[PDB]
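Data first, discussion second: the structure below is written as structure tokens.
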Amino acid sequence: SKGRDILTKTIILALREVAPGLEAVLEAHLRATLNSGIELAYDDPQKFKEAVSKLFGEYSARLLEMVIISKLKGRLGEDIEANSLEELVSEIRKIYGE
Amino acid sequence: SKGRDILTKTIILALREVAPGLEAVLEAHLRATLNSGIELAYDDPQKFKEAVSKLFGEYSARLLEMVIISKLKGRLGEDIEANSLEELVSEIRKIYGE
Amino acid sequence: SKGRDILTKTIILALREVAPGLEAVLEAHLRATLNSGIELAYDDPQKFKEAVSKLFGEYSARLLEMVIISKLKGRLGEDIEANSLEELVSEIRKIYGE
Amino acid sequence: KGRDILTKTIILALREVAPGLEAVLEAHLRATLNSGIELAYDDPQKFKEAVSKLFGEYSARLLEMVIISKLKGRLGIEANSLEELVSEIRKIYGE
Ligand SMILES: [Zn+2]
Ligand SMILES: [Zn+2]
Ligand SMILES: [Zn+2]
Ligand SMILES: [Zn+2]
């Protein structure tokens, strides 16, 4: 779906902004532990967060969550008030009628 | 200085926003390894970045850097142009003539 | 108890072997998130492991667990079978009859 | 052979930690250094630095300790660092 694609792609761009290899590192982790990709952020935000926490810890996971939200606010601009990835996905679904 | 105070407080608030124990954890790390506090971010940004990287790795350090820059822009001017903590400190010093 | 003492001492020395600040860093994390100390490893190994995983991620938590098990092995019995901290504590309790 | 034994031993250690650690570390090493796990033998100092960049110094030190322990287990003897470990392997196979 459109919302799913924008979230996934925007997260990937954020990972690339952090460092060249973060996409590869996180994807290696997601594939090996959940047989999933970055799309998990949209499909199951809670599980995605838990997976990131298992990779670098909760502090790092929270930092990533904060960055992702800030980046989506920068792309979608309009009224994003989410404080969590779960809230962010909920808002995206409302914006795109999903 | 005004700039040192503003940068340090902004970082401290960011850590508290991340999670309840991040301030204590990072401060324990800086105290034990460099006998310094969070003010090190202003006094020697490169050393501060290096220290955070030693605590959680470079991916996590980068995420914190991005979050700090974003929060300072919201504190001072929506668009300081700094893309690194070093540039951020340089810009703050230019703004306050420090 | 003797078992609690031996396990706690083993962990503390392992932390100091890793790096000068690890004891302080892990203790800051345990204090802030669980109002507990390193003794939690004996009192509730599952919770201790979960806490370390929240600090540095599961891969790092596993490495620490592996080190703790290896150290206790070469201290008590070079024959114990523990593969997890919970199993290690269970074995210590049986060995000391606690 | 020394460079092959250290590499194979490291990989086995990574697998004992968790299923995806090998994949995770290799993804990191080749995005950042276009290198593999053999960097541990070719340049142990750099390898440790690379691992430190992935999870931090505390985690990298823990991995070093586990690697030294494992290699000692399948090889035998004196080594408390990765640099010394590689220096010892060289002496055993004249490298
Ligand atoms: Zn990808
Ligand atoms: Zn001042
Ligand atoms: Zn006692
Ligand atoms: Zn040791």
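Every chain in the structure tokens has a letter given in the order shown (A, B, ...), and although residue numbers restart at 1 in each chain, ligands are simply numbered from 1 in the order shown.
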Is it possible to get the superposed chain B, fitted on chain C over all Cα pairs by sequence order, as a compact mmCIF listing (two decimals) with N, CA, C and O atoms, in the first residue's frame?
```
# COMPACT_ATOMS: atom_id res chain seq x y z
N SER B 1 23.90 -15.67 50.66
CA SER B 1 24.32 -17.10 50.77
C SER B 1 25.67 -17.29 50.11
O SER B 1 26.18 -16.41 49.42
N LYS B 2 26.25 -18.47 50.31
CA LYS B 2 27.54 -18.78 49.70
C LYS B 2 27.43 -18.69 48.18
O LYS B 2 28.31 -18.15 47.52
N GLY B 3 26.34 -19.22 47.63
CA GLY B 3 26.16 -19.19 46.18
C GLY B 3 25.93 -17.80 45.63
O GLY B 3 26.46 -17.44 44.57
N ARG B 4 25.15 -17.00 46.35
CA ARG B 4 24.86 -15.63 45.91
C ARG B 4 26.14 -14.81 45.94
O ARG B 4 26.40 -14.02 45.03
N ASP B 5 26.94 -15.01 46.98
CA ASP B 5 28.21 -14.30 47.12
C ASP B 5 29.17 -14.68 46.00
O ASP B 5 29.73 -13.81 45.34
N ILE B 6 29.34 -15.97 45.76
CA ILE B 6 30.25 -16.44 44.72
C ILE B 6 29.83 -16.00 43.32
O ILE B 6 30.67 -15.59 42.52
N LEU B 7 28.54 -16.08 43.02
CA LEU B 7 28.11 -15.67 41.68
C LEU B 7 28.29 -14.17 41.49
O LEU B 7 28.81 -13.72 40.47
N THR B 8 27.86 -13.39 42.48
CA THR B 8 27.96 -11.94 42.38
C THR B 8 29.41 -11.47 42.24
O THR B 8 29.71 -10.66 41.37
N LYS B 9 30.30 -12.00 43.07
CA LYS B 9 31.70 -11.59 42.99
C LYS B 9 32.33 -12.00 41.66
O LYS B 9 33.10 -11.25 41.07
N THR B 10 32.00 -13.20 41.19
CA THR B 10 32.55 -13.68 39.93
C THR B 10 32.13 -12.74 38.80
O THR B 10 32.93 -12.42 37.93
N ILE B 11 30.87 -12.31 38.82
CA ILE B 11 30.39 -11.41 37.78
C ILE B 11 31.10 -10.06 37.88
O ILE B 11 31.55 -9.52 36.87
N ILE B 12 31.22 -9.54 39.09
CA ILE B 12 31.89 -8.27 39.29
C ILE B 12 33.33 -8.31 38.76
O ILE B 12 33.78 -7.38 38.10
N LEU B 13 34.04 -9.40 39.03
CA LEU B 13 35.42 -9.51 38.54
C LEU B 13 35.43 -9.58 37.01
O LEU B 13 36.32 -9.03 36.37
N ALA B 14 34.43 -10.25 36.43
CA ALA B 14 34.35 -10.35 34.98
C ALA B 14 34.15 -8.96 34.37
O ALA B 14 34.77 -8.62 33.37
N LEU B 15 33.29 -8.16 34.98
CA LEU B 15 33.03 -6.82 34.46
C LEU B 15 34.30 -5.98 34.52
O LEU B 15 34.60 -5.23 33.60
N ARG B 16 35.06 -6.11 35.61
CA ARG B 16 36.29 -5.35 35.76
C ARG B 16 37.34 -5.80 34.74
O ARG B 16 38.17 -5.00 34.31
N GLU B 17 37.28 -7.07 34.36
CA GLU B 17 38.21 -7.61 33.37
C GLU B 17 37.88 -7.08 31.98
O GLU B 17 38.77 -6.83 31.17
N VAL B 18 36.59 -6.91 31.70
CA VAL B 18 36.15 -6.40 30.41
C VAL B 18 36.70 -5.01 30.14
O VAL B 18 37.40 -4.78 29.14
N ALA B 19 36.38 -4.07 31.03
CA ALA B 19 36.83 -2.70 30.87
C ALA B 19 36.60 -1.93 32.17
O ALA B 19 35.70 -2.24 32.94
N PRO B 20 37.43 -0.91 32.43
CA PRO B 20 37.36 -0.08 33.63
C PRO B 20 35.98 0.44 34.03
O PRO B 20 35.64 0.44 35.21
N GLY B 21 35.18 0.87 33.06
CA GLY B 21 33.88 1.42 33.39
C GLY B 21 32.65 0.54 33.30
O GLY B 21 31.55 1.01 33.59
N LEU B 22 32.80 -0.72 32.90
CA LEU B 22 31.60 -1.55 32.76
C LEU B 22 30.84 -1.73 34.07
O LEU B 22 29.61 -1.68 34.08
N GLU B 23 31.54 -1.95 35.17
CA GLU B 23 30.84 -2.12 36.44
C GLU B 23 29.97 -0.90 36.74
O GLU B 23 28.79 -1.03 37.06
N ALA B 24 30.55 0.29 36.60
CA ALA B 24 29.79 1.51 36.87
C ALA B 24 28.63 1.69 35.90
O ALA B 24 27.54 2.12 36.29
N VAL B 25 28.86 1.38 34.63
CA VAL B 25 27.82 1.53 33.63
C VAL B 25 26.66 0.57 33.86
O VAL B 25 25.50 0.98 33.88
N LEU B 26 26.96 -0.71 34.04
CA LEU B 26 25.88 -1.66 34.26
C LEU B 26 25.15 -1.36 35.57
O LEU B 26 23.93 -1.43 35.64
N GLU B 27 25.90 -1.01 36.61
CA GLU B 27 25.26 -0.71 37.89
C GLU B 27 24.37 0.52 37.81
O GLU B 27 23.31 0.57 38.43
N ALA B 28 24.77 1.52 37.03
CA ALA B 28 23.94 2.71 36.89
C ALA B 28 22.63 2.31 36.22
O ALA B 28 21.55 2.79 36.58
N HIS B 29 22.73 1.45 35.21
CA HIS B 29 21.56 0.97 34.48
C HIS B 29 20.62 0.17 35.37
O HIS B 29 19.42 0.40 35.38
N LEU B 30 21.17 -0.77 36.14
CA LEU B 30 20.32 -1.59 37.02
C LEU B 30 19.69 -0.77 38.13
O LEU B 30 18.56 -1.03 38.54
N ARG B 31 20.42 0.22 38.63
CA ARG B 31 19.93 1.08 39.70
C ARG B 31 18.77 1.92 39.20
O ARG B 31 17.72 1.99 39.85
N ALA B 32 18.96 2.55 38.05
CA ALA B 32 17.93 3.42 37.48
C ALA B 32 16.69 2.71 36.96
O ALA B 32 15.58 3.24 37.07
N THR B 33 16.85 1.50 36.43
CA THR B 33 15.70 0.79 35.87
C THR B 33 15.02 -0.23 36.77
O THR B 33 13.83 -0.51 36.59
N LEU B 34 15.75 -0.78 37.73
CA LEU B 34 15.18 -1.79 38.61
C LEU B 34 15.53 -1.61 40.08
O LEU B 34 15.19 -2.46 40.91
N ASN B 35 16.21 -0.51 40.40
CA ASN B 35 16.63 -0.24 41.77
C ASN B 35 17.29 -1.49 42.35
O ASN B 35 17.01 -1.91 43.47
N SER B 36 18.17 -2.09 41.55
CA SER B 36 18.88 -3.29 41.95
C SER B 36 20.36 -3.21 41.62
O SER B 36 20.78 -2.35 40.85
N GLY B 37 21.12 -4.12 42.21
CA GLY B 37 22.55 -4.20 41.97
C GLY B 37 22.85 -5.48 41.20
O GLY B 37 21.92 -6.17 40.75
N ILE B 38 24.13 -5.81 41.06
CA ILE B 38 24.56 -7.00 40.32
C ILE B 38 24.05 -8.29 40.94
O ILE B 38 23.96 -9.33 40.27
N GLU B 39 23.70 -8.24 42.22
CA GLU B 39 23.19 -9.42 42.92
C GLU B 39 21.89 -9.90 42.28
O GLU B 39 21.41 -11.00 42.58
N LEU B 40 21.31 -9.08 41.42
CA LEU B 40 20.07 -9.44 40.73
C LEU B 40 20.30 -10.68 39.86
O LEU B 40 19.36 -11.43 39.58
N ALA B 41 21.55 -10.88 39.43
CA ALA B 41 21.88 -12.03 38.59
C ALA B 41 21.51 -13.32 39.31
O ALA B 41 21.05 -14.28 38.69
N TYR B 42 21.72 -13.34 40.62
CA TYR B 42 21.39 -14.51 41.42
C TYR B 42 19.92 -14.51 41.84
O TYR B 42 19.24 -15.53 41.74
N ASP B 43 19.43 -13.36 42.29
CA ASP B 43 18.04 -13.25 42.75
C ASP B 43 16.99 -13.48 41.67
O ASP B 43 15.94 -14.07 41.94
N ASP B 44 17.26 -13.01 40.46
CA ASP B 44 16.33 -13.16 39.36
C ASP B 44 17.13 -13.12 38.06
O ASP B 44 17.14 -12.10 37.36
N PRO B 45 17.81 -14.22 37.72
CA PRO B 45 18.62 -14.30 36.50
C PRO B 45 17.91 -13.88 35.21
O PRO B 45 18.51 -13.20 34.37
N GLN B 46 16.65 -14.26 35.06
CA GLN B 46 15.91 -13.88 33.86
C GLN B 46 15.78 -12.35 33.77
O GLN B 46 15.96 -11.77 32.69
N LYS B 47 15.47 -11.71 34.89
CA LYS B 47 15.32 -10.25 34.90
C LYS B 47 16.67 -9.58 34.65
O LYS B 47 16.74 -8.56 33.97
N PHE B 48 17.73 -10.16 35.19
CA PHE B 48 19.07 -9.61 35.00
C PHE B 48 19.42 -9.68 33.52
O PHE B 48 19.92 -8.71 32.93
N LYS B 49 19.16 -10.83 32.90
CA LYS B 49 19.45 -11.00 31.48
C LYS B 49 18.66 -9.99 30.66
O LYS B 49 19.19 -9.37 29.74
N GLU B 50 17.38 -9.83 31.00
CA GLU B 50 16.52 -8.89 30.30
C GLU B 50 17.09 -7.47 30.42
O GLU B 50 17.12 -6.73 29.45
N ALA B 51 17.54 -7.12 31.62
CA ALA B 51 18.10 -5.79 31.87
C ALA B 51 19.35 -5.51 31.06
O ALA B 51 19.52 -4.43 30.52
N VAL B 52 20.26 -6.48 30.99
CA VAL B 52 21.48 -6.29 30.21
C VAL B 52 21.13 -6.16 28.73
O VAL B 52 21.75 -5.39 28.00
N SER B 53 20.13 -6.92 28.28
CA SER B 53 19.71 -6.86 26.89
C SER B 53 19.16 -5.47 26.58
O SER B 53 19.36 -4.94 25.49
N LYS B 54 18.49 -4.86 27.55
CA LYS B 54 17.95 -3.51 27.33
C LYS B 54 19.06 -2.47 27.27
O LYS B 54 18.91 -1.43 26.64
N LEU B 55 20.19 -2.76 27.90
CA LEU B 55 21.31 -1.84 27.89
C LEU B 55 22.12 -1.85 26.59
O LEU B 55 22.34 -0.81 25.98
N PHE B 56 22.53 -3.05 26.17
CA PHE B 56 23.37 -3.19 24.98
C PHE B 56 22.80 -4.04 23.85
O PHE B 56 23.44 -4.16 22.81
N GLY B 57 21.64 -4.64 24.05
CA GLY B 57 21.08 -5.49 23.01
C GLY B 57 21.27 -6.94 23.38
O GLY B 57 22.05 -7.25 24.29
N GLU B 58 20.59 -7.84 22.68
CA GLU B 58 20.67 -9.27 22.98
C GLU B 58 21.99 -9.95 22.64
O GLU B 58 22.39 -10.90 23.30
N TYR B 59 22.66 -9.47 21.59
CA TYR B 59 23.93 -10.05 21.20
C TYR B 59 24.95 -9.82 22.32
O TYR B 59 25.66 -10.74 22.74
N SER B 60 25.01 -8.59 22.81
CA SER B 60 25.93 -8.26 23.89
C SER B 60 25.55 -8.98 25.18
O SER B 60 26.43 -9.45 25.91
N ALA B 61 24.26 -9.09 25.46
CA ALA B 61 23.79 -9.76 26.67
C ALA B 61 24.20 -11.23 26.62
O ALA B 61 24.63 -11.80 27.63
N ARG B 62 24.07 -11.83 25.45
CA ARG B 62 24.44 -13.24 25.28
C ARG B 62 25.94 -13.43 25.53
O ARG B 62 26.34 -14.38 26.20
N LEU B 63 26.75 -12.52 24.99
CA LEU B 63 28.20 -12.59 25.16
C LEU B 63 28.55 -12.52 26.65
O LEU B 63 29.38 -13.29 27.13
N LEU B 64 27.90 -11.61 27.38
CA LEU B 64 28.16 -11.49 28.82
C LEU B 64 27.76 -12.78 29.53
O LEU B 64 28.46 -13.27 30.41
N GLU B 65 26.62 -13.34 29.13
CA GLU B 65 26.14 -14.58 29.73
C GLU B 65 27.19 -15.68 29.54
O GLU B 65 27.55 -16.37 30.48
N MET B 66 27.69 -15.81 28.31
CA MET B 66 28.70 -16.82 28.02
C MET B 66 29.95 -16.62 28.86
O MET B 66 30.52 -17.58 29.39
N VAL B 67 30.37 -15.37 28.99
CA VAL B 67 31.55 -15.05 29.79
C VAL B 67 31.32 -15.38 31.26
O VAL B 67 32.19 -15.95 31.92
N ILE B 68 30.14 -15.04 31.79
CA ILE B 68 29.86 -15.33 33.19
C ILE B 68 29.88 -16.83 33.47
O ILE B 68 30.47 -17.28 34.45
N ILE B 69 29.25 -17.61 32.60
CA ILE B 69 29.20 -19.06 32.78
C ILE B 69 30.61 -19.64 32.76
O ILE B 69 30.95 -20.48 33.60
N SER B 70 31.42 -19.18 31.82
CA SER B 70 32.80 -19.65 31.69
C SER B 70 33.62 -19.33 32.94
O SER B 70 34.40 -20.17 33.41
N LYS B 71 33.46 -18.13 33.47
CA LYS B 71 34.20 -17.72 34.66
C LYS B 71 33.76 -18.47 35.91
O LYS B 71 34.58 -18.77 36.78
N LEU B 72 32.47 -18.77 36.01
CA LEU B 72 31.99 -19.49 37.18
C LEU B 72 32.47 -20.94 37.17
O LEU B 72 32.73 -21.55 38.21
N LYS B 73 32.55 -21.50 35.96
CA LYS B 73 33.08 -22.86 35.83
C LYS B 73 34.54 -22.92 36.28
O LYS B 73 35.00 -23.88 36.88
N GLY B 74 35.29 -21.85 35.94
CA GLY B 74 36.68 -21.77 36.37
C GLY B 74 36.78 -21.54 37.88
O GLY B 74 37.78 -21.86 38.52
N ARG B 75 35.73 -20.97 38.46
CA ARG B 75 35.70 -20.70 39.89
C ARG B 75 35.28 -21.93 40.71
O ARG B 75 35.76 -22.17 41.81
N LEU B 76 34.30 -22.69 40.17
CA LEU B 76 33.65 -23.76 40.94
C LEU B 76 34.08 -25.14 40.47
O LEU B 76 34.73 -25.93 41.16
N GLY B 77 33.59 -25.45 39.26
CA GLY B 77 33.93 -26.70 38.61
C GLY B 77 34.02 -26.49 37.10
O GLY B 77 33.16 -25.89 36.47
N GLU B 78 35.13 -26.97 36.54
CA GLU B 78 35.41 -26.68 35.14
C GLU B 78 34.19 -26.96 34.27
O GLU B 78 34.02 -26.44 33.18
N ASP B 79 33.34 -27.87 34.76
CA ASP B 79 32.22 -28.18 33.91
C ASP B 79 30.92 -28.34 34.70
O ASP B 79 30.37 -29.42 34.83
N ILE B 80 30.46 -27.22 35.28
CA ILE B 80 29.02 -27.13 35.46
C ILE B 80 28.42 -27.21 34.06
O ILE B 80 29.07 -26.94 33.06
N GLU B 81 27.16 -27.66 33.96
CA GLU B 81 26.73 -27.88 32.59
C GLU B 81 25.84 -26.74 32.06
O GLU B 81 25.44 -26.72 30.91
N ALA B 82 25.52 -25.80 32.96
CA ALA B 82 24.63 -24.69 32.59
C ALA B 82 25.01 -24.05 31.25
O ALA B 82 26.17 -23.78 30.95
N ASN B 83 23.96 -23.84 30.42
CA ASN B 83 24.14 -23.13 29.16
C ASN B 83 23.42 -21.77 29.20
O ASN B 83 23.39 -21.00 28.24
N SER B 84 22.82 -21.46 30.34
CA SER B 84 22.12 -20.19 30.53
C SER B 84 22.33 -19.74 31.97
O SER B 84 22.63 -20.55 32.85
N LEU B 85 22.16 -18.45 32.22
CA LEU B 85 22.34 -17.93 33.57
C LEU B 85 21.32 -18.56 34.53
O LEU B 85 21.63 -18.82 35.69
N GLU B 86 20.10 -18.82 34.04
CA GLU B 86 19.06 -19.43 34.87
C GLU B 86 19.50 -20.82 35.32
O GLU B 86 19.35 -21.18 36.49
N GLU B 87 20.03 -21.59 34.38
CA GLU B 87 20.51 -22.93 34.71
C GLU B 87 21.71 -22.85 35.64
O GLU B 87 21.89 -23.70 36.52
N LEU B 88 22.53 -21.81 35.46
CA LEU B 88 23.72 -21.62 36.28
C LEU B 88 23.34 -21.37 37.74
O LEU B 88 23.95 -21.93 38.65
N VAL B 89 22.33 -20.53 37.95
CA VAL B 89 21.88 -20.22 39.30
C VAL B 89 21.26 -21.47 39.92
O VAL B 89 21.46 -21.76 41.10
N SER B 90 20.51 -22.21 39.11
CA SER B 90 19.88 -23.44 39.58
C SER B 90 20.93 -24.44 40.03
O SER B 90 20.79 -25.08 41.06
N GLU B 91 21.99 -24.56 39.23
CA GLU B 91 23.07 -25.49 39.55
C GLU B 91 23.82 -25.06 40.81
O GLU B 91 24.17 -25.89 41.65
N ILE B 92 24.06 -23.76 40.94
CA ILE B 92 24.75 -23.25 42.13
C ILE B 92 23.93 -23.53 43.38
O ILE B 92 24.47 -23.91 44.42
N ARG B 93 22.61 -23.33 43.29
CA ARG B 93 21.74 -23.58 44.42
C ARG B 93 21.75 -25.07 44.79
O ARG B 93 21.64 -25.42 45.96
N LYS B 94 21.89 -25.93 43.79
CA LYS B 94 21.93 -27.37 44.05
C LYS B 94 23.24 -27.75 44.71
O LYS B 94 23.28 -28.60 45.61
N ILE B 95 24.33 -27.12 44.28
CA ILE B 95 25.65 -27.40 44.84
C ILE B 95 25.73 -27.02 46.32
O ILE B 95 26.29 -27.77 47.12
N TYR B 96 25.16 -25.88 46.68
CA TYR B 96 25.20 -25.40 48.06
C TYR B 96 23.95 -25.71 48.88
O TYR B 96 23.87 -25.37 50.06
N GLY B 97 22.98 -26.37 48.25
CA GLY B 97 21.75 -26.70 48.95
C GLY B 97 21.03 -25.45 49.41
O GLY B 97 20.59 -25.36 50.55
N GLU B 98 20.91 -24.48 48.51
CA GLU B 98 20.24 -23.22 48.81
C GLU B 98 18.89 -23.15 48.13
O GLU B 98 18.57 -24.08 47.35
```
Given only C-alpha atoms as the counted atoms, nearest of D:11, D:54, D:65, D:25 to chain B: D:54
Distance filter 9 Å, only C-alpha atoms, chain D against chain B, as a list in words: residues 51, 52, 53, 54, 55, 56, 57, 58 and 59 of chain D
Keeping only N, CA, C and O atoms, write the selected residues as an mmCIF file, in the first residue's frame.
```cif
data_model
loop_
_atom_site.group_PDB
_atom_site.id
_atom_site.type_symbol
_atom_site.label_atom_id
_atom_site.label_comp_id
_atom_site.auth_asym_id
_atom_site.auth_seq_id
_atom_site.Cartn_x
_atom_site.Cartn_y
_atom_site.Cartn_z
ATOM 1 N N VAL D 51 34.605 -3.821 15.417
ATOM 2 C CA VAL D 51 33.585 -4.409 16.274
ATOM 3 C C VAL D 51 33.128 -3.376 17.297
ATOM 4 O O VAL D 51 31.950 -3.309 17.642
ATOM 5 N N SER D 52 34.059 -2.558 17.769
ATOM 6 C CA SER D 52 33.720 -1.527 18.741
ATOM 7 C C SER D 52 32.715 -0.556 18.115
ATOM 8 O O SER D 52 31.815 -0.057 18.790
ATOM 9 N N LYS D 53 32.868 -0.293 16.821
ATOM 10 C CA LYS D 53 31.965 0.621 16.122
ATOM 11 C C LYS D 53 30.555 0.061 15.929
ATOM 12 O O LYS D 53 29.605 0.810 15.695
ATOM 13 N N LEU D 54 30.410 -1.256 16.029
ATOM 14 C CA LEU D 54 29.105 -1.876 15.855
ATOM 15 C C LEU D 54 28.253 -1.880 17.130
ATOM 16 O O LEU D 54 27.100 -1.436 17.114
ATOM 17 N N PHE D 55 28.824 -2.372 18.231
ATOM 18 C CA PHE D 55 28.100 -2.463 19.500
ATOM 19 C C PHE D 55 28.702 -1.676 20.666
ATOM 20 O O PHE D 55 28.089 -1.598 21.732
ATOM 21 N N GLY D 56 29.888 -1.108 20.472
ATOM 22 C CA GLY D 56 30.543 -0.370 21.535
ATOM 23 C C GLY D 56 31.748 -1.136 22.057
ATOM 24 O O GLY D 56 31.902 -2.318 21.763
ATOM 25 N N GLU D 57 32.590 -0.457 22.830
ATOM 26 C CA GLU D 57 33.807 -1.038 23.398
ATOM 27 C C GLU D 57 33.556 -2.166 24.391
ATOM 28 O O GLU D 57 34.309 -3.144 24.443
ATOM 29 N N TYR D 58 32.505 -2.029 25.189
ATOM 30 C CA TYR D 58 32.198 -3.045 26.183
ATOM 31 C C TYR D 58 31.856 -4.358 25.505
ATOM 32 O O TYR D 58 32.361 -5.410 25.891
ATOM 33 N N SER D 59 31.008 -4.290 24.486
ATOM 34 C CA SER D 59 30.609 -5.481 23.741
ATOM 35 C C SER D 59 31.781 -6.064 22.953
ATOM 36 O O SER D 59 31.945 -7.279 22.886
#
```
DSSP-assigned helix (DSSP H, G or I) among segment 3-93 of chain D, expressed as a PyMOL selection string: chain D and resi 3-17+21-33+39-42+44-55+57-75+82-92
